[PDB]
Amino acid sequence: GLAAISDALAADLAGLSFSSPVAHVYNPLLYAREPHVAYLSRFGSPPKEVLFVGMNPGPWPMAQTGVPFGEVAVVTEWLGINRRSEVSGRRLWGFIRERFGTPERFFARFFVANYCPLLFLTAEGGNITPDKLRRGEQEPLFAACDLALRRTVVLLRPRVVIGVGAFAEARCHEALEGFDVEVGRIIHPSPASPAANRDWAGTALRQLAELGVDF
């Protein structure tokens, strides 16, 4: 199911090439495949009511866990799978754990996925979001990831698809255009935003309430 969709997406992404300012491209679907498959298999069983969609994997330590917004603590201790992104993961998964207690209570209705598996890095070793790639490179990538997302939605059958951040929500709108689904958004957990720092959990919970989602 989800594993097949991910494999096909990996095949489509392998075909793609990227130029400047991208120096290197890391694909966790390839180098972190078994913990990712562990995640998909243990927690991605259909159907879901709500699908959370992140835009990207964090730097290589986050990306290596095979879990979206993955922080090693939550992945190893809560899910039991063998700095901006550290705070983001801690906030998101800490909040999820706070509201649901066990993974089984959360994943019975919810799922968390990344829209784009690729991690793009410059010559300095800094990460570039796909939003910053020029359009000639963005179009094939976005086509591939949109197809993957559509397949994911067809499989999981969610009533609501929620982008984590504005970029993810925009991509969700574009990808799922035509589908009978509600696309909403929650504020991104990153400490880079002052608004998130006021109280991210409260803001997100309220946004979810506005979407009719009982978190």
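So that there is no doubt, residue numbering starts at 1 and follows the sequence shown.
Asks: Enter the number of deposited residues without atomic coordinates between residue 82 and residue 83, binned as none, 1 to 3, 4 to 9, or 10 or more.
Replies: Missing residues, residue 82 to residue 83: 10 or more.
Asks: With reference to the PDB entry, specify whether the mean Cα temperature factor is higher for 119 to 127 or for 140 to 148.
Replies: Comparing 119 to 127 with 140 to 148, the higher average CA B-factor belongs to 119 to 127.
Asks: I need to verify one thing: averaged over C-alpha atoms only, is the B-factor higher for 100 to 108 or for 85 to 93?
Replies: Looking at the recorded C-alpha B-factors, 85 to 93 comes out higher on average.
Asks: Taking the values straight from the PDB record, which of 35, 44, 54, 178 has the highest C-alpha temperature factor?
Replies: When the deposited C-alpha B-factors of 35, 44, 54, 178 are compared, 178 is largest.
Asks: Per the entry, which of 40, 29, 161, 154 tops the list for Cα B factor?
Replies: Largest recorded C-alpha B-factor: 29.
Asks: Grab the CA temperature factor for residue 16 from the record and place it in the lowest, middle or highest third of its chain.
Replies: As the PDB entry reports it, the C-alpha B-factor of residue 16 lands in the middle third of its chain.
Asks: Sort the modelled residues of this chain by their C-alpha B factor and say whether residue 169 lands in the lowest, middle or highest third.
Replies: Within its chain, residue 169 is a middle-third residue by C-alpha B-factor, going by the deposited values.
Asks: Going by the entry, which third of its chain does the Cα temperature factor of residue 214 land in?
Replies: As the PDB entry reports it, the C-alpha B-factor of residue 214 lands in the highest third of its chain.
Asks: Considering only modelled residues of the same chain, in which third does the CA B-factor of residue 50 rank: lowest, middle or highest?
Replies: Its C-alpha B-factor belongs to the lowest third of this chain's values.
Asks: Among the modelled residues of its chain, does the C-alpha B-factor of residue 75 lie in the lowest, middle or highest third?
Replies: Residue 75: CA B-factor falls in the middle third of its chain.
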